[PDB]
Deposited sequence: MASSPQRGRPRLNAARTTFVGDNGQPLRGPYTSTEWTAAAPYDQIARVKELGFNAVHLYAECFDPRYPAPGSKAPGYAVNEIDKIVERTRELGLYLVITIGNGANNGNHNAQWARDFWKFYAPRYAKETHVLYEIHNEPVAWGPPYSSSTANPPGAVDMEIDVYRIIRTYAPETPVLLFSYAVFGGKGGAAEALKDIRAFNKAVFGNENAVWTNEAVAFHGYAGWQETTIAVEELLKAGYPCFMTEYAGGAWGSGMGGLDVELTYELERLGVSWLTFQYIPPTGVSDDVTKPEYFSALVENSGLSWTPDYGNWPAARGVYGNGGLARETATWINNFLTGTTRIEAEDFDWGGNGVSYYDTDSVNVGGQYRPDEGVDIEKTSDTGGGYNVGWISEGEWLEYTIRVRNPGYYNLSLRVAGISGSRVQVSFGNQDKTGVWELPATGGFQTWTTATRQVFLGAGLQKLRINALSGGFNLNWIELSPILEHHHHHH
């Protein structure tokens, strides 16, 4: 069809999340019409060149005082929300509409929420690119909302009541439930399942209903590790989910949480990050590199975007396509391999994941159709080495450092005089100029070692050749 409007998102076959009309996850930043005009078309359009296909809208913020005299009633921002709906329609973006909280996160006004959805559910029912998220962070700070000691109580009743209102007027619109601020651990999943069972009993007549057009909205404020565990457990229990707010700072500040993004990508979960579309928002501008694009580029995170060519296509070679996790010490032993073969640089291409001065692999070995020059090695263990290493060349390897601290970085090298490298981690220099040992021959091998101090997380290891005159067999990174 010729309309730019996206088709309704649907649950994927795996029932892990909502995917769009090309099968791909929804990925996006946010904006707000809670006390401002709709973000301009030209600014919303920028999301498409940042790898996104979706926008989170905090449409209006609730008034705890409603319906008392002077209180702000739902519907006040209709003219601006209509513009966001129109602009995303035209731009070929998905839109997740919710109720925001202002200074009152971890709280809600049930009557206000019911009245908001009575007004807006019918209004955007037929807008196929639009999803409804019942209410942002309605309880301080996570499950079980169904507990009598939840702060405030009764949010599951609001979820039920609002779901019925939505489905009355918008029978086919995806609904995102709960919007838990802090969703962590096996415990968090078990507590959420209490809420889910209560909801299901009330609206479907069965605690164990199989949702066809609903998912659990959750946030990342338990931290990436604990959130990943809770998500994994909920997916195992058969309930799809959708990340709707997170950042790498309980803080919405600090930019993209690269670690949690990586896990969500692995698990097949759509996500909305807490960085904003210009001109304004409460946290950090998603178009500022330091809060999003540079975090992606430094880490090696990649996904196939609906629009444009960013992030560039790339990934790990070998290791099941997973970032190469660094070993740790447990009970006086190393938990896994410390060695990365040099010929296992990330795929992506010349100028992307490596740079080689000859477009052809002049060695012909191992990866003949990429540009790094590779030969069979005569070193112990056999296999392959990178050879014909020229000044200015570089090789990247996406790794994941489990623990921050000191590591021994070793390079297995062979060569003549005057060889030097410099090694970056997440585009930060960790070695300075490193004068490598001469061995007297291109197949006479030695191990050069230098201590580095690393931060945790997904990060690219980049070897920059500051000279020629050496071959490289492998890299080791070993915790001290």
**Fill in**
Counting from 1 along the deposited sequence, the ranges with no C-alpha atoms are 1, 251-252, 484-491
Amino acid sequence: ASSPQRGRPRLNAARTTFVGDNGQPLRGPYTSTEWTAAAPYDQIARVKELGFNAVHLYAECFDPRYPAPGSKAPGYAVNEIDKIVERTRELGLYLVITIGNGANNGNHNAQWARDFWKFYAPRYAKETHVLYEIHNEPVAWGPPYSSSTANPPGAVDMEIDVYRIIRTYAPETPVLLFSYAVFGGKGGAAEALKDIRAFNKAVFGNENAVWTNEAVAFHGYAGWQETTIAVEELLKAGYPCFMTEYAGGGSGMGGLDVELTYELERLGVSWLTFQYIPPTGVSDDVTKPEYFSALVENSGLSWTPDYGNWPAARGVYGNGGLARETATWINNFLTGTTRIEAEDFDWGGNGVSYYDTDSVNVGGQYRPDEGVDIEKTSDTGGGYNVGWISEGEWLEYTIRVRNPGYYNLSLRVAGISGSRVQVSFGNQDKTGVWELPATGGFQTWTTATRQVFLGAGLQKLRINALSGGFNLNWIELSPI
From here on, numbers count along this sequence of modelled residues.
**Prompt:** Per the entry, where is the mean C-alpha temperature factor higher: 227-235 or 213-221?
**Reply:** 227-235
**Prompt:** With respect to the recorded C-alpha B factors, which stretch has the higher mean value, 239-247 or 302-310?
**Reply:** 302-310
**Highest recorded Cα temperature factor - choice among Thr398, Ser270, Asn109, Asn350** = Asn350
**Prompt:** Highest CA temperature factor in the entry: which of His135, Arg123, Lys83, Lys72?
**Reply:** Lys72
**Message:** Quick check on the deposited entry: does the C-alpha B-factor of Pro67 sit in the lowest, middle or highest third of its chain?
**Reply:** highest
**Request:** Among all modelled residues of this chain, ranked by Cα B factor, put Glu34 in the bottom, middle or top third, i.e. lowest, middle or highest.
**Result:** lowest
**Prompt:** Thinking about Cα B factors across the chain, which third does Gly255 belong to?
**Reply:** middle
**Complete:** For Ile277, the third of its chain by CA B-factor is the lowest
**Request:** Relative to the other modelled residues of the same chain, rank the CA B-factor of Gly51 and answer lowest, middle or highest third.
**Result:** lowest
